[PDB]
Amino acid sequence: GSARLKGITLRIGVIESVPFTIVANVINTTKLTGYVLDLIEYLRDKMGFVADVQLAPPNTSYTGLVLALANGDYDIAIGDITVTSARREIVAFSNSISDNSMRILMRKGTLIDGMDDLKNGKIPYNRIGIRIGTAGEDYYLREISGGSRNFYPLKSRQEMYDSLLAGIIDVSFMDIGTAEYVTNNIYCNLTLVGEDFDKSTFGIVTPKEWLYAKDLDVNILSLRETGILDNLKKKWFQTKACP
């Protein structure tokens, strides 16, 4: 069976990541903005659901968000969430809302040329920072360390930046969109190096065998076709403050 989402309330999980989902404290409440919030409003306007937007707790990992949805804590989850085989085993994903890949993030002046330097042991493993519960962790375990968790574990993007800037780690991995955004707008002393890797996609997380899958997919595809997803990307990502 299938159905339309018109009139239905959806608990929509989101997770902090600038400029996908920007969390501001104002006065005394929090206010969400970004590409994800705008996307929700386009979808809401076309499909007629009621959006109950729920921010994942601090330090919730990407894997944690998916597992929370699988356990029924949300109806869908929307963000910079990579479609992976292990995740697809427990949840479904909408049609892609964006292409993706990763890049290596480091401090300027660090003598790293690209991924070969990581795979050839030029960097001690405990100086490669990896955010646990991310696709970057899967890649590392599959391609660098042959299964051993010998990376420096990171609980969040903020820990990743702080650890790089304090010299506790030498490199980490980020999705290309946000990697470009933060090194161009926030952390002028950090930079990207090497070719991009792990080509992938972002998708909206839904329950397996979801009643509303077609309605959501058809609307996501229409937003692509008519150039709304591009406009949104341009609105939130085309910007550079760093000199």
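Residues carry their position along the shown sequence, with the first being 1.
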Query raised in the report: At least a third of the other compared entries leaving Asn28 unmodelled, is that the case?
Result: yes
Query raised in the report: Between residues given as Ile27 and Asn28, how many of the deposited sequence are not built: none, 1 to 3, 4 to 9, or 10 or more?
Result: 4 to 9
Query - Comparing 128 to 136 with 114 to 122, the one whose average Cα B-factor in the PDB entry is higher - result: 114 to 122
Report summary line: Going by the entry, of stretches 6 to 14 and 217 to 225 the one with greater average Cα B-factor is 6 to 14
Query raised in the report: Among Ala92, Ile81, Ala86, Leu165, which carries the highest Cα B-factor?
Result: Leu165
Query raised in the report: With respect to the C-alpha temperature factors reported in the PDB entry, which of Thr206, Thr63, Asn59, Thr201 ranks highest?
Result: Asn59
Report summary line: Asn71: C-alpha B-factor third of its chain, per the entry, is the middle
Report summary line: Binned into thirds over the chain's modelled residues, the C-alpha B-factor of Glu180 lands in the lowest
Report task. Check where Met47 lands among this chain's C-alpha B-factors and tell me if it's the lowest, middle or highest third. Result -> highest
Report summary line: Of the three thirds of Cα B-factor ranks in this chain, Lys155 occupies the middle
**Report entry** Chain-relative CA temperature factor third for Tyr212
**Finding:** middle
